[PDB]
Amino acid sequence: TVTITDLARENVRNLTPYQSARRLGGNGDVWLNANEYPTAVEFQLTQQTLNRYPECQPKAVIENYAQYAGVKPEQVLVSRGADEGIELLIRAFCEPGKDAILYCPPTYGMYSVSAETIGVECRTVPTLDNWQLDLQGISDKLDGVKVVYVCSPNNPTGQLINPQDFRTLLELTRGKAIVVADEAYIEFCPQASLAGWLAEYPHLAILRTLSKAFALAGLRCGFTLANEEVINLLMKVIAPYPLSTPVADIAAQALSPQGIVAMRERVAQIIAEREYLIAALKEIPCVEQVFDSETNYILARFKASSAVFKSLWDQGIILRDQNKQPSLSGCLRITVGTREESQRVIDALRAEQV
């Protein structure tokens, strides 16, 4: 007898779904585990046309984002979060069972999940001790690679990748692979974006999202910025109607000139709060080291991190365990929330210190 499971693809049977979830509804009161902006920003629907299909690429959203990002509208694609952008790039450039993607741990886990699910080889070149790119390592492992993902600023470590090294990576991949700069957190350090480099690199693509600084993770709205040739290829593999009208409606509102002003205020707010938390953490006994951050989260190494994580977890303070990540033994990632939430973390940590 043949089971339904026997009919599934081998890679699908053996893969482990992305570990995003880690809930405890009505149990935790302080959520600093998903890099979400801490407070809700309200939006209401303005377009009651739900009986009709939306545009594949809502014009107002594309144009408002292009204006905001400083790129041409033809260089923008909107999708269901940066997560879908990751998928589209593999779907368009990586032949299953032939081509591979390359990423550098420790970093965002969806690059690997998407490739493994689609059936594309995952090539890894761990970053250096300070999490900067191992350029020599990458240079000798590019055969068969079609897409390279580099998160900058990096999640979960928090630092920016030296642009001088992005220059090198872009040269190494010229005429060989698409370089994807994941800028999910670039709003917190806008001057470091590679968006203005498009005219120099035909193979450069950039991932953006409304889930973090924009405080709209619930909208599942992201973008890919690239030269027209790349955008048009991605448009050949995207679903016909990837964005719902309610999302196009509210996303456009959030990207209005006033919306941008508000987003920048949110960034300033988070940066000021981040610096408070960083300074405070460094003084806590159970904290061994706090790593520099250019995002809305902080990576810190703790003494008995698993004990600390479980202790805060039971207290309703939900963080993100990084102990199993390469090079991140003893590290926990703390999202920057409100001052009160930072104080909850600080006070709880001071309660450990053995």
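So that there is no doubt, residue numbering starts at 1 and follows the sequence shown.
Annotation: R13 does not belong to the positions left without coordinates in a third of the other compared entries; each one with flanking residues models it.
For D29, the record comparison shows coordinates absent in at least a third of the other entries of this protein that model its neighbours. Looking at 258 to 266 and 77 to 85 together, the entry lists the larger mean B-factor for 258 to 266, computed on C-alpha atoms. The mean Cα B-factor in the deposited entry runs higher for 91 to 99 than for the other of 268 to 276 and 91 to 99. Considering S306, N35, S293, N51 together, the PDB entry gives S306 the largest C-alpha B factor. Out of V148, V247, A226, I284, it is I284 whose C-alpha atom has the highest B-factor in the PDB entry. Ranked against the other modelled residues of its chain, the C-alpha B-factor of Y297 as given in the entry falls in the lowest third. In the PDB entry, a CA B factor belonging to the middle third of its chain's modelled residues is recorded for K236. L24 sits in the highest third of its chain by CA B factor, as recorded in the PDB entry. Per the PDB record, residue ranking by Cα B-factor puts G144 in the highest third of the chain.
Split the chain's modelled residues into thirds by C-alpha temperature factor. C331 is in the middle one.
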